[PDB]
Amino acid sequence: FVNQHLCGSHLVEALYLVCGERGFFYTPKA
Amino acid sequence: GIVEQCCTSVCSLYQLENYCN
Ligand SMILES: [Ar]
C-alpha cells in the first residue's frame, strides 16, 4: 500500500501502520 | 521532506520508515 502517491491523511495513515509502536513524525513543511 | 517524497512523488517503505521514531 506504500508504493503510491500518499497525501494528507492517506500519508499519515501509512506512517501510522508502518511505524507501529515506534511511532512517527509528520512534518508537512520541513 | 515526507510530502515531497511521498505525496508529490511516489512513496516507498524506505522513505516512510525514515519518519518513524
Ligand atoms: Ar491514521
Side-chain angles (χ1 to χ4, degrees):
Chain A
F1 58 109
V2 297
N3 294 113
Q4 51 177 324
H5 296 91
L6 292 175
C7 302
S9 64
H10 311 192
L11 181 50
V12 169
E13 76 170 27
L15 277 169
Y16 165 77
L17 284 180
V18 163
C19 294
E21 56 174 25
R22 295 171 275 183
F24 60 95
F25 65 97
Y26 177 69
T27 94
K29 256 93 206 223
Chain B
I2 199 173
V3 180
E4 303 46 55
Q5 292 322 313
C6 279
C7 172
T8 57
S9 49
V10 178
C11 205
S12 68
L13 177 50
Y14 183 98
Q15 332 240 184
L16 289 166
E17 293 200 341
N18 275 341
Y19 297 86
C20 301
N21 301 141

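In what follows, every chain begins at residue 1, and chains take the letters A, B, ... in the order their sequences are listed.
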Original post:
Would you say the side-chain atoms of A:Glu13 pair up with the backbone N or O of A:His10, donor to acceptor, closer than 3.5 Å?
Top reply: no

Subject >> Whether A:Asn3 side chain and B:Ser12 backbone form a donor-acceptor pair below 3.5 Å >> reply: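 Flag not set: sc A:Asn3 to bb B:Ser12 has no pair under 3.5 Å.
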
To the closest 0.5 Å, what do you measure between [atom1] ([X]) and [atom2] ([Y])?
X       : Y       : atom1 : atom2 : value
A:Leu15 : A:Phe25 : CG    : CZ    : 9.0 Å
A:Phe24 : A:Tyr16 : CZ    : OH    : 9.0 Å
A:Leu11 : A:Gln4  : CG    : CD    : 10.0 Å
B:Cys6  : A:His5  : SG    : NE2   : 10.0 Å
B:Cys11 : A:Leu6  : SG    : CG    : 5.0 Å

Subject >> Distance-minimising heavy-atom pair for A:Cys19 and A:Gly23 >> reply: CB-O, 3.3 Å

**OP:** Determine the minimum heavy-atom distance between B:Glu4 and B:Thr8, stating which atoms define it.
**Re:** O-OG1, 3.0 Å

**OP:** Tell me, with the steps shown, if B:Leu13 and A:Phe1 meet side-chain contact (heavy atoms from CB on, under 4.5 Å).
**Re:** CA-CA 9 Å; B:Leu13 177 50; A:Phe1 58 109; over 6 Å; no

**OP:** Verify the cluster assignment for B:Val10 and B:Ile2: are they in a single hydrophobic cluster under the rule of side-chain heavy atoms below 4.5 Å apart?
**Re:** no

